[PDB]
Each structure stands twice: as structure tokens, then as C-alpha cells.
Amino acid sequence: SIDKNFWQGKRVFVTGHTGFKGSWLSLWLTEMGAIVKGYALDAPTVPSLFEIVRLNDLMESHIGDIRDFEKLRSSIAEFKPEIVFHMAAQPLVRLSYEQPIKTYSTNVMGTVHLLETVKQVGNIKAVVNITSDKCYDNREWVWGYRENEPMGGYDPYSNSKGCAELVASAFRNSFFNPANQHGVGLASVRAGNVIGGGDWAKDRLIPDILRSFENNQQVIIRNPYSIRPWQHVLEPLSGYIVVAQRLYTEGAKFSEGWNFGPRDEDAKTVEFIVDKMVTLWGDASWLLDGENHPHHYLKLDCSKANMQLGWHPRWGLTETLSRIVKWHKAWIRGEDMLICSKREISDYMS
Amino acid sequence: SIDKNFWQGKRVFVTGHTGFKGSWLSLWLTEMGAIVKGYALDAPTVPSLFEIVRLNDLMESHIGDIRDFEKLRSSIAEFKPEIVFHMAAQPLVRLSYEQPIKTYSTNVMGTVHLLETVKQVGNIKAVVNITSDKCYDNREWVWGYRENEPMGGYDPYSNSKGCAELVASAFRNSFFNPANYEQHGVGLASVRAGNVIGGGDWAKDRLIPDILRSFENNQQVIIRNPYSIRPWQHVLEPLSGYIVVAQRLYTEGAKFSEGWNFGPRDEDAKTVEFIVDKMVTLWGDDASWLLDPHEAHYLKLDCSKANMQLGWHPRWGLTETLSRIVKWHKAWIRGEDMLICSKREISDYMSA
Amino acid sequence: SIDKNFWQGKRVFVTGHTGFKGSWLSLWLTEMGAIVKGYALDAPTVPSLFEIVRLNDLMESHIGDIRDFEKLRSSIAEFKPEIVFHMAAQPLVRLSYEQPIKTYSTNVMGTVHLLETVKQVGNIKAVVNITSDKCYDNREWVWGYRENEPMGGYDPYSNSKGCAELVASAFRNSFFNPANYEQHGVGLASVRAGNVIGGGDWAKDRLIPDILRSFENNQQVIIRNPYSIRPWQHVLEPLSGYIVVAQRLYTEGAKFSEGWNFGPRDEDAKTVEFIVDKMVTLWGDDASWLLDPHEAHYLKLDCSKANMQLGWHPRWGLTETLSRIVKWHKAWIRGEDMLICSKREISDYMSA
Amino acid sequence: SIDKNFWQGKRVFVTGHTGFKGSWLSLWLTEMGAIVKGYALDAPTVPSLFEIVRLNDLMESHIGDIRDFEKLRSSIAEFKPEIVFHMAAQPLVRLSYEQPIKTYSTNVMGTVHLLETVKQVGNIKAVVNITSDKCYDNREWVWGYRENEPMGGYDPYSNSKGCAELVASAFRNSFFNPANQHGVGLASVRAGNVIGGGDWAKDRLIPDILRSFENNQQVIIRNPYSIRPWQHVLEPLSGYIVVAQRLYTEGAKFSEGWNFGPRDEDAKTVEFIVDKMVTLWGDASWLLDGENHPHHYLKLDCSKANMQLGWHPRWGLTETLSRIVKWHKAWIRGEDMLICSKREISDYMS
Ligand SMILES: Nc1ncnc2c1ncn2[C@@H]1O[C@H](COP(=O)(O)OP(=O)(O)OC[C@H]2O[C@@H](O)[C@H](O)[C@@H]2O)[C@@H](O)[C@H]1O
Ligand SMILES: Nc1ncnc2c1ncn2[C@@H]1O[C@H](COP(=O)(O)OP(=O)(O)OC[C@H]2O[C@@H](O)[C@H](O)[C@@H]2O)[C@@H](O)[C@H]1O
Ligand SMILES: Nc1ncnc2c1ncn2[C@@H]1O[C@H](COP(=O)(O)OP(=O)(O)OC[C@H]2O[C@@H](O)[C@H](O)[C@@H]2O)[C@@H](O)[C@H]1O
Ligand SMILES: Nc1ncnc2c1ncn2[C@@H]1O[C@H](COP(=O)(O)OP(=O)(O)OC[C@H]2O[C@@H](O)[C@H](O)[C@@H]2O)[C@@H](O)[C@H]1O
Ligand SMILES: Nc1ccn([C@@H]2O[C@H](COP(=O)(O)OP(=O)(O)O[C@H]3OC[C@@H](O)[C@H](O)[C@H]3O)[C@@H](O)[C@H]2O)c(=O)n1
Ligand SMILES: Nc1ccn([C@@H]2O[C@H](COP(=O)(O)OP(=O)(O)O[C@H]3OC[C@@H](O)[C@H](O)[C@H]3O)[C@@H](O)[C@H]2O)c(=O)n1
């Protein structure tokens, strides 16, 4: 499914390469022989996987704002990629509330900017627009969303993603009609609850837990019974890649929306998770706070990807966790993270 | 019904007051005793109703860009309105195809700005967000859309309205939540009108203006899609709907803080051809038309919610409406007093 | 439009011809020159229009049960009709609650029988399956249902129609497939009408009959649900729709072999109260009403498909309709010649 | 999830007990201590699991037609069950075409008959109405149906099931409103592609294959690439039981529709299946015919059951198959099938 030779030598432009996912993706792709260029603001964190693995060496990197159409246009045109991965985004919900303007301009205008650039420039066979599992109108039900369902979003962040999804659709219809020449294939990819090593995001369950353990402090669990479709970073990333390959060779036929996610079977509680974590950590412990600990959850239906891309996730919760834990320790102990990160990909690739 | 007394003295801020809808609204509103402050770019066209009726002299007209947050916020801040009508937009289809970015920035970020501005300023009781009949994902089918259907849009303009709809519901949810109404005091409604036609519209590529211009200049009008259908309606119709909701939001914010369609009666949802044929007839004196980028074929709106829930109904019929547009255009032509004609239409409507 | 010439000489088999709808249909049909054979149980009520207009003497009326397959099949077989209207049913709500089994057997198996009979007999060109406006899952909302919405039904009657709808589409799919049209030659449509009201209906618990009976006997009519809404329409309205489709199915079976709603214009979908108030007025002479098992509150039908696709539109308004029912009832009362009055209404409608 | 003690001593009335599923269910339930009564026509086949395991000994059995309301009413009233499983049905699609009247009267009128009886009689806490995965309006898509989707069915059999589903709904609304006393809890259960030992149905993939092998003849595979949500007979049956328990103790809250099915992950091709079969058989072989062998499939979304009943399937395709094969051999060799059948349940129960 993931063809190395395919990647070998491809001029790939990725927006938002300095962040978590962008860095894992850029790595992989370079690991594979692709000629990458990144366009983003400086690493969103400290530490930052981007830096930790010294990616500016392995790839061309442009620091810039998605909101500068011209600069953005320029940067791409100079490059002439053939493949584009769009991931620059203001990703926090929390923030989304304080900074709605920022969220929207970044998330919606940036998307518009990007597709319009791709449009004006020309010579792009494949664009993979990264949105979110939150783009969907939230019915607060037990069911996993299908790609044909309505967009929305309750908070600014989620809502911004539903808009980005509308944008990609209109761009596709207006400018890259599959039904017709331009040679541009455009897919919007949806996924969430992404976990792995290199995630220095603040107020994130995994990161937290790890910081906690690392600093020997015990963890306060706010809601033990909460369930999420937790998935290793590489899982969705593989979907994106494959999708990119398909868009490339097959075009139009895959120019559409696509959900990436774990098996329902693989859904664990926060409590379960922290427990495993603990065990996994060794050294590690946690506590239940005084808030309300309530007993449905947002999920995606992956039938279309399984079925039409033959895509399937590879690691089970436990494995992923351990791999997460192991990668953290390595880091902490001063191991070469580029290498370990590399093996991580390698392993997933088997 | 519209309440002239409710309007008296009200501080009303209207974005996009320089346009077709804006001008008619501002005129209506000032005529009712309201204190209106507009914020838009210079008149979209020439001629322009704004200019034609000298509205600038009957209101506080401020020239500015919706994309300039800071400037927008200030404008609002200094006036402290109690009511707001957000109508500024790049409202054209074919153009949106040519200028995608300006369309989205204007329509989308402009809405965000306006709503963020409303949030920061405070003491605003009612917010009426004007979107479009094009916000709905178009299934190209025989049925009028319901408020509960999915947002979308094929072209950048349609799609930008779809996004504007999403934006308002997220602001509503996160910041003007009916739950915490007492905490914010904000009523916010998204209003979706049909295809407004009336005397005083110079917009490019629109049907009636197109028609009026050709007729005027003893030329035949060029028809691109004779069998398309739109929810045709006198410009004053949805305006009445907008006004009514503002009234209701003023006192029962929580309750009417949602989406509303304002369109004609189903029988008024005719084809392009029908209109042009009628218009030819209405004009007379040689009038003729002639047959010639993705546009929707069918577009209808189901208005049972406003009918039942707001108890709002349309006043004029398509034919009556066409007749009135003609009369208006000609009067203008003969150099009649348009402010006076325009005032007359509002009054007649109020009587209808 | 209805085609009197198309009708002439046609062998038409009508199940449930003894009823209200049936009688009006049979009358219409024979009046057009058609050769009608009915198959139903004895008149549903007394009085009965069937009896009142002596239809039995103007057609081949056969008394039989839809649940008796063999008997039904035979009846059809011996007549070899070219057209079929399936209207036999236990059509009442409250009753269905009391008699669930008879309701389902009649409505469901009766449809199966009829369709299986049509299959075995052959040479039938058009089949018009009358279901009900109650076939749709009722979401209790402001919107008229579209042909493409889900079937359901809360009570046994509603639900039996939902099942009757499913049955016809499965027969269509499996046995009268548009694909193999040339192989079977069968056109089959499911028609969903509104709430028919007209002179000549004695059905139990129905509104207008209820009203007419009380008025008649200088008593007040007892109203159970004043604010409910139904798609009120003169009985001749949907009939026209049924007739029109049969015409079309006759020659373009494949093409019109689907579901169709036949209802009034949206403005005619008023409440119970409105009707009774109007009726009081129409009747006069002391007329009054008085306020008093699960029934739907709101029920409307979206008819854009028939409007656009069959080009069918309703002729009379609710008020006109109410007026005509009154006139009819009274004439009857004074001992006027009902066949003649009834013939007159059909003619007037044909003129409308 | 399946409580033995619960079952112990329950007066349970099952319609369609002589057939495949009815016999497995009746067994289990008796295995568990329930006092069962069956109401059905004579065994639909030869051999017949019903006979093979000598069920008339283990349970009360009434031979009768579902279409005789009175008799049916009588039979239940005499019994006073507290739990009712409704499974009498004309189950063949093939037949459904030749015998539409039969199918409908049986499938729809029988259902009406049954619910009305339950109604008139009284004293039934739980009714489990067995429909089919085919009750749904078939959208010919990749997605698994949700319980809230529209009913229909293309052929008479499928369509008959969509009607039965409408019937149960109306009965529930009209007569057993959850929202209100009567103490009747009514669930409609949907499932299909049910496989296992004891299935003597003609023109059924598994049965066939087994007959074939058994008679040393080689098998002709019409469509190798076809995919179905194949599941061991006991899988759905467990759902039914549990559902029954819930309806019983909790009532109304579970008075609704429910889908039972396998994990998507567990979807195999006919070819795959026959291969495994072969291997599994030993002795065994097959051939591809001359028809068209084409490359979406009807499936159900089981989120509601997983989530709200905590229900999950237990055996994987392979296992099920083997168990199928093993049970067949046992039979053939003259082993006591009641016993083996018994162990089958026992095993599933672990
Ligand atoms: N205005 C901007 N211009 C350019 N790049 C930007 C801008 N704002 C943010 N970015 C870049 O976007 C990335 C954000 O990365 P993270 O905070 O690590 O978030 P990540 O988990 O990578 O999220 C990427 C985005 O796509 C979805 O996968 C995800 O949910 C999120 O919304 C970084 O490359 C960051 O510099
Ligand atoms: N960036 C901008 N900043 C401020 N005002 C703007 C901007 N872009 C457009 N406007 C203002 O928007 C108005 C547009 O008016 P018209 O072109 O006449 O369009 P109209 O038919 O009045 O549309 C009014 C409103 O109703 C909706 O149907 C339509 O989308 C628009 O939102 C004018 O006052 C114009 O200056
Ligand atoms: N088992 C039966 N066998 C044969 N005919 C039957 C049977 N049950 C009822 N009928 C016939 O059905 C007809 C019912 O007529 P009405 O009670 O007057 O009802 P009407 O208002 O005419 O309904 C006609 C049709 O339109 C639908 O709205 C309604 O459900 C029915 O299908 C009568 O001719 C009656 O004898
Ligand atoms: N008219 C009838 N009256 C009574 N019982 C009947 C009647 N017709 C069929 N049955 C009984 O129904 C059962 C049919 O069993 P099978 O042919 O083995 O089919 P099975 O796989 O058990 O299917 C049961 C039914 O429910 C669903 O699970 C399934 O898809 C099928 O429609 C037997 O008990 C049979 O005697
Ligand atoms: N010469 C011409 C002109 C027009 N036409 C056809 O008439 C119809 C109406 O088009 P317009 O008047 O431009 O209105 P729009 O419906 O695009 O959007 C309008 O109504 C909805 C609002 O939201 C939007 O802002 C406003 O521009 C279309 O099918 C168009 O192709 C034709 O066939 N020949
Ligand atoms: N005294 C009375 C009588 C009636 N009503 C109300 O008037 C409405 C109309 O009821 P009915 O005339 O009985 O018509 P139905 O709509 O039940 O079905 C009818 O129309 C649809 C057809 O399919 C069906 O066969 C036919 O019976 C209901 O809300 C009823 O409760 C009231 O408030 N007081």
C-alpha cells in the first residue's frame, strides 16, 4: 500500500511541517526519498519533534504565515511540487474560544490560500487537505460519521474545520472538477485522537501523563470513564500517504473526503489507559480528582477507506501506548531520536 | 407585523448599507424613526440607490472594510447600537469564480469580525446575520430547502454563505448561547432570503438589472438559463422578515436565535423565461430577449417555519412585483423623484 | 388534464368502488365512457353515495372480499381490464386501533392479492395503487412530506399504508420492473392523497361528516383536536391526479411507475378549528361546535413532483371546497336529485 | 451478559422452533433451565437439527400455522409465557419470488398475529421479534445500516421483513408505548449471514459446500469475490438472549430495534472461505464456473448493541468455520449431536 519507490524523488510541499504531525510526515516522506519543502511558522513547541530530529537538515524549510497569500503562492511556485500536503492549522479548541478570529483566518483563509495557490501555480497532481474528525455536524450519538454527512462544529476550532471542508469542496467543484484536464486530484482527510512520541502539546492527555511520570509527580484524572478513538500518529498518516498515491496515479476517482481511524474494538477508557500507562511506565501513579466523573462518543466510520483504499490500521491500543512510552524514555535518556523515530516508521512499514 | 414604534430611536448598525438591500433597509429603518449607522465600502455600483436617494444625508454613513477588524470594532464601539444587521458581502456568483479569495475573506472573515466585534462591544440585543438562499447544499431537486438541511455551495459565493452559516451557529453556541442568555443578552438569527428583485438594483449579471438595462437602451437582453428557477421576490419581502425577527430577538432572544428562510409563495418560484417574457410584456416598446460557468438550475425555499413560527407571510405576488419594478425603473428614467417613489413603495408595502 | 377520449371504452377494474372515493371515481369514470367493474364489500355506510346515486345500475358491481385471493383473481380474469384502481381498504384510524388484524389483512394482504392477481392475469397496462397521506413516518414538523421520505405509521391504519407502499415497490421491482417493461407491459404507481372532503361521505369519526351530521340534527359538533392540520382537499382533486397518472401509465408505464403525492396548495393546509369555524358560518342556522387515542397533529404533503412532473395542479380552494360540500349536503337534504348534483360537480370541476 | 440463573425456570414461548435458528435457540434456552414451548410447522428440512437433537423431548412443541390467529392465541394463552421469541418465517428469497403471497402472509400477518396475541393475552414482559438484516431500504452502498434508517426491501422476502419491522413499530407505539403500565418490552432484532452445523437448507453456500465435500464431489463456485458478513449461528442468538434479559428487567428502555453482526475486520471472500473450508475438510476441492465473477456489500452497524448492551461477537471467521466443519463430521460419523451441540453452547458461553 505505501510504495517507497513511488515516493522516491517526488517534489512534495507540506504546509504546517514544524508541528507534531507535520514533522512525522515530513520525516517519513524523507525517509522514503521524497524531496520535501515545508511552509509553516516556527515550531509550535518546546521541545519540538521538529527540532529534536533536526529536520531542517533533511528537508527544505520555509518559515511563513499561511495567511500571506502572495508569499505562500511564491513559495510553492518556486518549488513546483507535484504533491501537496496541507496541514497548517490552529489546532486547539481551548484557544479557539479566546482566539476565534485567529482560528478562522488560519484554518479557513489558509485553506483557501493554499487551494488558490495550487490553482494559479499549476502542475500539482495531488493535494491532501488535512481537516479533522470534528468537521462533522455533531449529532451527539453513538454512531461513527460517514463521509457523506453534514459539516458543522460547535466550538470555533471544530467549526473552522467544517468550513475548511466546505472550502475544499467548492474548490474541487469550481476549479478541479473531477468530471473534467486540470489534472488536480484533491482529497480532504479526516482524523483525530492522534497520539505518539514527539507531542509536546500542553494540556493533552498523553503528553500530560508522560510529563507527570517523568517528573515523578502523580496524575490527576478528571474523567476516567471518558472514551476516545485513540490512534498512533502513524495510522492516519499512512492513510494520507496512500491517498496521495491514489490521487497521483488514479486522480479524480479519489478526489473526495476520507475518514481514518481506529477499530471500535480498540476503544479504551481514560482510566484503562492511565493504568496501562502506569504499568508501562514502571518507576508511576495517579489519582482521581473531585469533579464529576460521568459514564456515546465522537467517532468516524472507516468503511470507505477500508473498502476503497484497502486501508486498515496496523497497531492496537496497547502496542501504540508502549511504543509511545518507549519513545519517550529513549528521548529522556538522551538517545538519538532521529534514529528511533526512523525505526518507528520502519516498524510501522511492516 | 412591523412595529414602527419599536423602531423609533433605536440605534441600528448596518453593515453593507451602501448596497441594494442595504439602501432599502436603511431607508425603511430611518423612515421608522430609527438611528442608523452604516459601514460598507463605497456604493457597489453606478448608478446606485444609495446615491440616488441621498441616504448618506439621512444617516451616519461610514466608509470602511469589513475585513478590518479593529476599524469595524471601533465603529461599532463608538455608536453602541442595540441592533445589528450584517449585510456586507461580495454577493455575486460569476464574480466569485474570478475572485475566490476576496469572496471568502469578505463573506467569511467579515462575518467572524462582525460577530467577534459584537461579542467584545456588548449591550447589543439583536443580531440579524444575512446569509443567502445559496447556503444550502444544492441537490438540484423539486423541493424547497428547510432550515434544518445541510450547508454547502458549489461556487465560492454559495459556499462562502454556507461557511457564514456555520460561523454564526458556532458563535451562537460558544458565545451567545441561549442557555446563558441572561449572561450575554444576545439574540442572533441567520436569515436566508430568496432572489430579491426590485427597483434600484444595478448589480452585475443579475437578471432583472440585466433586463432593465437592455430594455432601456432598446437592446435585447441576453438570457443564459431560461429554465432555471429561483425564489423570486420583491426586495421588501425578506426585509420585512429581517425586521420582524429583529423585533422578536429584541425581547425573546433565546427563542428566535436560529435560522430562518424568507421566500415567496411556492407559486412564485418561476423560471427565468417566465420572468423575461413577462418583463417584455410589461415594458413593451420593442422589448425582446435573446438566447445565449456553473450556476444552479433549481433553487426553492420552504418557508413554513417563518410562516408558523414568526407568523410572517409575503405581501406581493411575482406579477405585481414585476409590475412595480417596471414602474419604478421608468419613473427614474423620466427623472421622477426616486426618494419619493421609493418611500411610496415602502408605504404601499406596509399597507399590503 | 383529464382525457375523456382516452377513457371511452376502457375496461377499468376498481377495488373498493362502493366507498366514498370509489363512488366518485366510478361515477366520473363511467361518465367518461369507461367500462367499470367494481369489487368491494357492501357499502361502507348508510347512507352511502353509492346507493344514493344508484351506481350499481351504471356499472358492473361485484360484492367480494379483497382477502379472498382466488375470488379476486377470477373477478379480474373474467373481465380482463386494461386499467386498475386499487382503493379497497379499512381506511379509519381509531377503528384500526380496535381492529388491528382486520386492518393489516385488508390493507396489506389485500394489496398483495391485488398485485399478485394483476401479475397472473396479465395484459393490464396501468395500475394505480391508492395508499394514503399517512404512509410517511410522521416527524410532527412544519414541512410537507416528499415522495422520497421514509414510510412508517404510528397507528395500525397509518402503518398498514406504510406497508402497502413497501409492498407495491417490491412488486414493481421484482415483477413489473421498468427495465423489463417490454416484457411485462405494466405501469404501477402508488398515489398518496391528502384528506378528501366532499359531499357524500358518511365515514365514521371523520371531521366533515361529523360536522354535517351534527349540524343537520341541530346539535353541536364535538371537536377533539382544533389545532391539528391535514392536507384538506375536495375529493375530486386527488381523483383527477389518479386519473391523470393512469393516462400516463397507459402509454409511458416505465416513466411514471413510482410514487406520487396529490394534495392541496400549501395555503389550504389549515387547522381543524379553521374548518369547523368556517363550516359553522357556511351552515348558519344555529350551527355551533364544542370542545372535547393517538392521532397525528401535523400532516402536510409537498406536491412539487406532480406539479412539475405530471404538470398536475389543484382546481379548488378550501373555502370554495367547503362551500360546495355545504351546498351538496343541503340539496340532498331537501331531496334534490343527487346523481344530478354529483354529475354537476364533476362537470364544474372539469371546467375549473 | 448471558445469565443462566436468569433463564432458569422461565416460561418462554418461541414461534418457529423447528427451524435452524429456532432449534439452536430452543436448545440453549433449555440447556439453561428455561421452560420452553414451541409453535411452528413441522421441521422445514431433512435432516433437521430439530429432530437430530430430539428436541421434542427437551421441550413442549406445538405444530401449528402462524396464520391461525385463534389457534396461535390459544396456544400462548394456555402457556402464559413471560418471554416470547418470534421467529416463524418464510425465509427464502428465491421462494419469495414464486410465492409472494405466502411470504407476506407468513412474514407480515404472522407478526401481526403474534403481537396481537401477546397483546390480548397479557403477562409478557419481553417479546423479541426476529426480522432480518434485509429489512433495510437497500442503498447499495459501502456502509453498514444504523437502526434509525428507513425500511424497505427489494424482493418479496426482504420487503416482507421491512413490513414486519413497520408492524412491530406500530404495535409498540400503539399498544406497548414505552412512554407508558402494560409491562410489555418489545425489541426487533436484525441479523443475517448466519452459519453453523444443523443447517440443511438447500442452495445455501455452507450447507452446499459441506454436502459437496461429504459426497466427495467437487464444488462449483459462482462468485469467488463476493463478500458477506458471515457469522456463527450463536452470535446473533446471544444478542437475542441478552436483549430478552434487558427487556425483562429493564423494560422500555430497550424496547427498540437492534442490529447483530460480525466485525468488519472479519469479512472474507467466498473464495477465501471455500479455501479454508477445503483445508479444513481434508479428504475436498472446488472449481470456478463459467459465469461472471465480479469484484460494496449489505452490512449492519453494531455500534448501538456494542455500546448499549455491551454486546460483542465472540468467534472469528476461521474458528466458526472449523467448528462448523467439526460439527458436520461428528454428525456424519454418527456422534451424538445433542451432546456436541450442547458443548457448542457451552464453549460459546466461555
Ligand atoms: N498562521 C499559520 N501559518 C502557517 N503555518 C501555521 C500557522 N498557524 C499554525 N501553523 C502551523 O501548523 C502546525 C501546527 O502544528 P501542531 O500544533 O503540532 O498541530 P498538529 O497536531 O500538527 O495539527 C495539524 C492540524 O491538522 C490536523 O491534523 C490537526 O487536528 C490540526 O488542526 C505547525 O506546523 C504550525 O507552525
Ligand atoms: N469588504 C467589504 N467591507 C464592507 N462592506 C462591503 C465589503 N464588500 C461588500 N460590501 C458591501 O456590501 C454591500 C453589498 O451590496 P450589493 O452588492 O447591492 O448586494 P445586495 O444585493 O444588497 O446584498 C446584500 C446582502 O444580502 C445578500 O443577498 C448578499 O449576499 C449580501 O450579503 C455594499 O454596501 C458593499 O459596499
Ligand atoms: N376486505 C375488503 N374487501 C373488499 N373491499 C373492501 C374491504 N374492506 C374495505 N373495502 C372497500 O373499501 C372501500 C372503502 O371506502 P370508504 O370507507 O368510503 O373509504 P374511502 O374514503 O373511499 O377510501 C378509499 C381509499 O382511499 C384511501 O384514502 C383509503 O384508505 C382507501 O384505500 C369500500 O368500497 C369498502 O367496501
Ligand atoms: N406459516 C407458518 N406458521 C408457523 N411457523 C412457520 C410458518 N412458516 C414457517 N414457519 C417456521 O419458521 C421456521 C423457519 O425455519 P428455517 O427455514 O430454518 O429458517 P431460519 O433460518 O430459522 O429463519 C427464521 C426466520 O427469522 C430469521 O432469523 C430468518 O432470516 C428467517 O426469516 C420453522 O420453525 C418453520 O416451521
Ligand atoms: N442575463 C441573464 C441573467 C441571469 N440569468 C439566470 O437567472 C438566474 C438568476 O441569476 P442572478 O440574478 O444572477 O441571481 P443569483 O441567483 O446568481 O444570486 C442572486 O440571488 C441570490 C443572492 O444570494 C445573490 O447574492 C444574488 O446575486 C440564474 O439561473 C442566471 O443564470 C440568465 O439566464 N440570464
Ligand atoms: N370530531 C372530530 C373529528 C375529527 N377531528 C380531527 O380532525 C382531523 C381529521 O381526522 P379525520 O377526518 O378522521 O381524518 P384522518 O386524518 O384520521 O384520516 C382521513 O384522511 C386520510 C385518509 O388516509 C384516511 O383514510 C381518512 O380517514 C384529526 O386531527 C381528528 O382528530 C376532530 O378534532 N374532531
Side-chain angles (χ1 to χ4, degrees), chain A residues 20-21 24 45 49 91-94 132-134 140 142 144 190-238 259-300 302 312-332 340 344 347-348, chain D residues 263 265 303 306-308 310 312:
Chain A
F20 180 42
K21 307 224 302 227
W24 273 115
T45 45
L49 191 89
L92 299 64
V93 188
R94 19 192 263 138
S132 160
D133 59 324
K134 290 168 167 340
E140 300 291 330
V142 70
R190 312 159 191 162
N193 289 285
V194 160
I195 74 180
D199 194 6
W200 285 290
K202 303 190 167 178
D203 268 77
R204 247 187 218 157
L205 175 47
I206 292 319
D208 280 3
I209 281 179
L210 297 165
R211 284 145 180 142
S212 253
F213 282 179
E214 86 177 7
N215 305 291
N216 229 287
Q217 316 157 350
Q218 147 219 261
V219 193
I220 342 120
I221 294 311
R222 314 197 242 86
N223 113 280
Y225 324 129
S226 173
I227 321 121
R228 310 277 91 116
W230 293 124
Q231 74 180 318
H232 187 101
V233 69
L234 303 178
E235 309 264 33
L237 299 205
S238 52
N259 296 332
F260 296 107
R263 261 121 187 173
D264 241 75
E265 307 77 45
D266 199 53
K268 290 291 126 179
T269 56
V270 151
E271 163 171 33
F272 168 89
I273 279 159
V274 63
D275 306 295
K276 233 328 128 198
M277 276 317 233
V278 160
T279 285
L280 260 70
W281 187 261
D283 304 37
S285 87
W286 66 282
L287 59 27
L288 212 71
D289 72 10
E291 9 192 7
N292 201 70
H293 329 305
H295 292 303
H296 66 266
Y297 65 86
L298 196 161
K299 35 177 236 201
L300 310 179
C302 301
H312 312 282
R314 335 249 258 244
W315 307 325
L317 188 52
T318 320
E319 182 159 22
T320 280
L321 274 204
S322 104
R323 311 181 73 105
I324 283 175
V325 166
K326 302 199 187 149
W327 185 113
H328 206 61
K329 300 191 181 203
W331 169 62
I332 280 195
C340 329
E344 198 84 317
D347 300 349
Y348 189 86
Chain D
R263 261 121 187 173
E265 307 77 45
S303 293
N306 287 169
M307 223 74 176
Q308 323 164 14
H312 312 282

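We name chains A, B, ... by the order of the sequence lines, and we start the count at 1 in each one. Only this structure's heavy atoms are used, side chains among them; waters, hydrogens and symmetry mates stay out.
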Expected list for residues 272-279 of chain A: side-chain donor-acceptor pairs under 3.5 angstrom, two or more places apart:
{"residue": "A/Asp275", "atom": "OD2", "partner": "A/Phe272", "partner atom": "N", "Å": "3.2"}
{"residue": "A/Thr279", "atom": "OG1", "partner": "A/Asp275", "partner atom": "O", "Å": "3.4"}

Centroid-centroid distance, A/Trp331 to A/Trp200, less than 6.0 Å: yes
Minimum-distance pair of heavy atoms, taken over all atoms of A/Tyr348 and A/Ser238: OH-OG, 3.3 Å
Polar side-chain atom of A/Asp266 near backbone of A/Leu317 as donor-acceptor pair, under 3.5 Å: yes
Validation row: A/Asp347, A/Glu319 side chains within 4.5 angstrom (heavy atoms): no
Where D/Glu265 and A/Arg263 come nearest, the two heavy atoms and their spacing: CG-NE, 2.9 Å
Close side-chain approach of A/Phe260 and A/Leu300, heavy atoms under 4.5 Å: no
Distance-minimising heavy-atom pair for A/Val142 and A/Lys299: O-CE, 3.5 Å
A/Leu210 versus A/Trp281, closest heavy-atom pair with distance: CD2-CZ3, 4.4 Å
Taking every non-hydrogen atom, the tightest pair across A/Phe20 and A/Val194: CE2-CG1, 3.9 Å
Review item, side-chain donor-acceptor pairs of residues 213-226 of chain A, under 3.5 Å, at least two apart:
{"residue": "A/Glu214", "atom": "OE1", "partner": "A/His328", "partner atom": "NE2", "Å": "2.9"}
{"residue": "A/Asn215", "atom": "ND2", "partner": "A/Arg211", "partner atom": "O", "Å": "3.1"}

Rounded distance (nearest 0.5 Å) linking atom CG of A/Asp199 with atom CD1 of A/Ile206: 9.0 Å
Option passing side chain to side chain contact (heavy atoms under 4.5 Å, CB included) with A/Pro262 (candidates A/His232, A/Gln231, A/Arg228, A/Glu235): A/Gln231
Which atom of A/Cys302 lies closest to which atom of A/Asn259, heavy atoms considered: SG-O, 3.5 Å
Any A/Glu140 side-chain heavy atom under 4.5 Å of A/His296 side chain: yes
Nearest-0.5 Å distance that lies between atom CH2 in A/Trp315 and atom CZ in A/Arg323: 3.5 Å
Any side-chain heavy-atom pair of A/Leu234 and A/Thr320 under 4.5 Å: no
Side chains of A/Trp230 and A/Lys268 in contact at under 4.5 Å (non-hydrogen atoms): no
Rounded distance [0.5 Å steps], CD1 in A/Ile324 versus CG in A/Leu280: 9.5 Å
